[PDB]
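Some notes on the structure that comes next.
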Number of protein chains: 2
Amino acid sequence: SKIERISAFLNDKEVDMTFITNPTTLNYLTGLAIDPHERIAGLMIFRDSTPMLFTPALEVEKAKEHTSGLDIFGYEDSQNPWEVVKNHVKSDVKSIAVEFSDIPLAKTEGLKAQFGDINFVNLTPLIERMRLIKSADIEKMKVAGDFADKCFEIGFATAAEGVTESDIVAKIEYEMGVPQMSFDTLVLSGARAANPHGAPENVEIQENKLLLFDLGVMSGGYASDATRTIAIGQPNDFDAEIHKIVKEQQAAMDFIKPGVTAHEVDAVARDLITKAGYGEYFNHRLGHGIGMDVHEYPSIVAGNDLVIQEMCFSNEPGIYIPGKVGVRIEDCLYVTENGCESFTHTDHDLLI
Amino acid sequence: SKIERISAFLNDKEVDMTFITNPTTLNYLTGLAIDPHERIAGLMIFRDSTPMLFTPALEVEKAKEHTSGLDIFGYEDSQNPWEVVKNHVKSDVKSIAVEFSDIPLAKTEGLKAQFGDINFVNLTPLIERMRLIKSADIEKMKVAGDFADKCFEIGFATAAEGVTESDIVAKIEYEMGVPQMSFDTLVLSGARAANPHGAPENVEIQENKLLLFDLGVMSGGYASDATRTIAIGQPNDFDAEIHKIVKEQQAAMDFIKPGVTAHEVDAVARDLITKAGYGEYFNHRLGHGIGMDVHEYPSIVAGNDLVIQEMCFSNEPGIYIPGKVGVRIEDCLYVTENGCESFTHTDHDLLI
Ligand SMILES: [Mn+2]
Ligand SMILES: [Mn+2]
């Protein structure tokens with residue numbers, strides 16, 4: 001149980017209780033997706049008592065739909081959330097563990113008002129080492145990644161008769177309009193794709209030039225991310241296979257496998273680009289981790305030596321010569337021991 | 001100058017410097033819209049030195065586009081943001097003012113690592129009293145509010161031939177798809193509009209029933225919000241003018257004017273509903289403040305007596321009998337001394 005891993009840490013670090021705030025961490029622990037926004041909500045795990053969950057007076061009857069179970073209770077706006085919390089917790093509280101990365105001072109200060117000079121302890125690192133592996137629900141990241149293939153389908157088509165980059169984004173987002181993109185959809189024509197602040201604008205697509213897509217979705221809880229780059233009408237030759245240098249992605253999809261550096265795959269790629277001699281230009285991290293957030297561990301930067309086992313991240317290599325001729329390609333992937341596999345199935349070799 | 005108001009506070013409270021983090025507060029101060037997301041950025045105002053602005057190594061050349069001016073500098077990922085900050089600030093720093101509401105512990109702790117046992121002071125209340133009045137750019141909230149009228153146009157039409165609530169939302173969002181909605185667009189048919197967790201789903205609209213809209217946009221920086229409720233085919237009579245009780249909104253649009261309670265307009269409304277006798281059901285705050293965020297001060301709750309002067313907020317009254325017959329209406333408005341006025345011009349009396 002994920003909650004049992006946390007009691008264990010509390011016991012092990014002699015901290016009494018948690019007050020958990022990152023709404024993405026909530027649902028990963030609780031299976032419930034709540035967004036209090038301006039209001040307060042926290043997951044309170046203990047060393048050896050029954051875990052509670054605080055909630056606005058309005059979100060509570062719902063939260064008993066997940067259920068697990070957790071002792072659920074709330075506060076109306078008339079009253080001080082921090083008050084309610086203490087008049088529900090019994091037993092004494094010296095330490096609280098919270099997510100440093102997320103919890104603001106308005107909140108720690110709200111607790112201190114009520115509890116006193118409590119030592120705060122950083123839970124964030126733990127949650128991180130817990131999300132780094134999943135294997136629970138890779139199945140969920142499968143369907144999102146598959147919806148991105150369907151996004152690539154709709155996008156390609158839509159580049160056809162005056163159509164601009166925006167039009168293309170807007171049409172993909174219509175789809176239902178399945179709830180939410182995991183990040184801002186990119187459609188970038190020719191030399192706009194080399195910009196390190198490139199964004200779709202209402203500008204016609206360039207015929208005989210390259211078209212980059214890079215997109216992704218939130219399918220209920222988890223997330224996908226991908227980049228295809230295609231040609232609109234017969235492509236340029238220099239451009240033609242700057243695509244090749246980059247499609248070779250495939251010098252790292254079943255080359256893969258657990259127990260190799262981090263300086264590992266950012267080696268089979270960043271070298272094979274200096275091969276054809278564009279080591280610079282390609283001047284950003286190859287690879288970020290993926291799961292419930294579009295960006296997570298592991299980082300796949302060149303420098304230090306994180307071993308790989310059983311992990312989600314992404315394969316985005318691309319060369320950018322400012323004023324170029326656009327190109328990058330990306331799948332996200334999970335590590336099994338095979339071999340391995342990618343979350344997106346669309347063609348790396350195409351033209352429309 | 002908004003920045004000059006802050007030095008003044010620093011001087012007045014004998015605090016050396018600010019480290020400002022809420023990216024909506026940045027742009028309100030700086031005219032620049034930056035989103036570092038996982039990364040660090042802060043606006044550093046001093047008592048009597050030249051204000052600086054910290055930025056990722058990647059956002060900086062851009063930030064010199066606004067300009068003002070501010071001393072702009074950054075950090076690559078190789079290096080510790082908190083390090084850079086201290087090796088740029090000279091002079092001694094005992095106190096830092098930050099926005100309690102926004103700044104997490106990972107950040108205060110990052111500062112303390114570098115600076116030492118610094119007293120943190122709460123800037124948030126000041127920024128709030130500063131945003132409560134604008135009059136600078138009401139003009140910007142004018143065009144967004146006008147785009148919401150154009151959203152209401154597109155929406156109405158689109159309720160026509162199998163169309164569901166989702167379809168209608170999706171079509172409005174297509175529009176360009178002018179950047180961003182200020183909040184999740186609501187389209188709710190008949191009895192779905194009474195739910196206090198009502199959300200558009202892929203369900204056909206009910207003929208001879210009510211259709212609520214409530215929507216809004218981000219037009220570059222500021223924001224709008226509105227609710228119209230219309231009829232799809234000849235409406236029910238009980239429903240017909242539960243609309244009347246609620247359209248009477250107009251028992252508070254030029255009744256208005258500065259120097260009356262807060263328990264003021266949540267009196268001309270919440271009574272005139274008990275008039276026809278649905279005081280309960282209508283069980284939420286009438287009125288929230290609006291500006292750069294969809295929700296801001298002033299709160300217009302029943303209880304305490306905030307005077308009005310020269311302020312943005314919204315007029316959303318509506319009765320909800322669970323399993324009802326849907327109805328609410330809302331404009332947002334600014335206080336001038338006339339009279340006053342609303343940001344949305346569409347018809348409060350209609351049927352499609
Ligand atoms: Mn991507
Ligand atoms: Mn509204």
Side-chain angles (χ1 to χ4, degrees), chain A residues 3 6-7 10 15-100 102-121 123 127, chain B residues 99-105 122 124-125 128 196-197 262 266 280 283-285 288 295 297 299-304:
Chain A
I3 289 196
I6 296 174
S7 30
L10 289 187
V15 170
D16 302 6
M17 164 191 58
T18 76
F19 192 90
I20 287 182
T21 33
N22 184 304
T24 294
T25 292
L26 295 195
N27 179 83
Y28 175 60
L29 298 185
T30 282
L32 154 156
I34 195 167
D35 215 306
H37 285 90
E38 34 161 355
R39 304 175 190 287
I40 310 303
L43 177 64
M44 287 160 285
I45 305 175
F46 310 99
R47 263 178 312 174
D48 55 47
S49 172
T50 218
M52 308 166 82
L53 179 139
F54 188 48
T55 260
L58 276 33
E59 297 295 300
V60 39
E61 65 141 22
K62 303 260 290 196
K64 290 154 181 170
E65 192 194 27
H66 324 81
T67 312
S68 143
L70 332 100
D71 182 12
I72 302 166
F73 71 106
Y75 73 105
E76 287 163 272
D77 306 335
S78 352
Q79 47 175 328
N80 172 236
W82 313 111
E83 263 184 5
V84 184
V85 173
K86 199 181 175 285
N87 304 357
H88 271 83
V89 175
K90 299 322 306 147
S91 66
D92 78 306
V93 176
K94 292 282 189 313
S95 293
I96 305 181
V98 301
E99 310 170 83
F100 279 26
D102 177 276
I103 191 169
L105 299 190
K107 290 170 175 171
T108 51
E109 292 300 298
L111 294 163
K112 292 216 277 182
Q114 220 65 13
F115 281 77
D117 185 45
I118 297 331
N119 194 11
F120 286 94
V121 195
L123 207 44
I127 305 304
Chain B
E99 310 170 83
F100 279 26
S101 291
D102 177 276
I103 191 169
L105 299 190
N122 198 8
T124 290
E128 281 164 356
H197 272 75
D266 201 357
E280 270 150 12
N283 232 310
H284 64 82
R285 153 163 89 168
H288 64 93
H295 301 126
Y297 287 70
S299 189
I300 308 296
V301 69
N304 225 334

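Below, chain A is the first sequence line, B the second, and so on; all start at residue 1.
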What are the two closest non-hydrogen atoms of [X] and [Y], and how far apart are they?
| X | Y | result |
| --- | --- | --- |
| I20(A) | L26(A) | O-CD2, 3.5 Å |
| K107(A) | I40(A) | CE-CD1, 3.7 Å |
| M17(A) | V93(A) | CE-CG1, 3.5 Å |
| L123(A) | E99(A) | CB-N, 4.5 Å |
| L43(A) | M52(A) | CD1-O, 3.6 Å |
| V84(A) | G74(A) | CG1-O, 3.3 Å |

Side chain [X], main chain [Y], donor-acceptor under 3.5 Å:
| X | Y | result |
| --- | --- | --- |
| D16(A) | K94(A) | yes |
| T18(A) | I45(A) | yes |
| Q114(A) | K86(A) | no |
| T25(A) | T21(A) | no |

Subject >> Pairing of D77(A) and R39(A) as salt bridge, 4.0 angstrom limit >> reply: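 Yes, charged N to carboxylate O under 4.0 Å.
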Rounded to the nearest 0.5 Å, what separation is found between the [atom1] atom of [X] and the [atom2] atom of [Y]?
| X | Y | atom1 | atom2 | result |
| --- | --- | --- | --- | --- |
| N122(B) | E128(B) | CG | CD | 8.0 Å |
| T30(A) | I72(A) | OG1 | CD1 | 8.5 Å |
| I103(B) | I103(A) | CD1 | CD1 | 13.5 Å |

Subject >> Of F54(A), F73(A), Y75(A), the residue whose pairing with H88(A) passes ring-ring contact (aromatic ring centres under 6.0 Å, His included) >> reply: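 One option only clears the test, and that one is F73(A).
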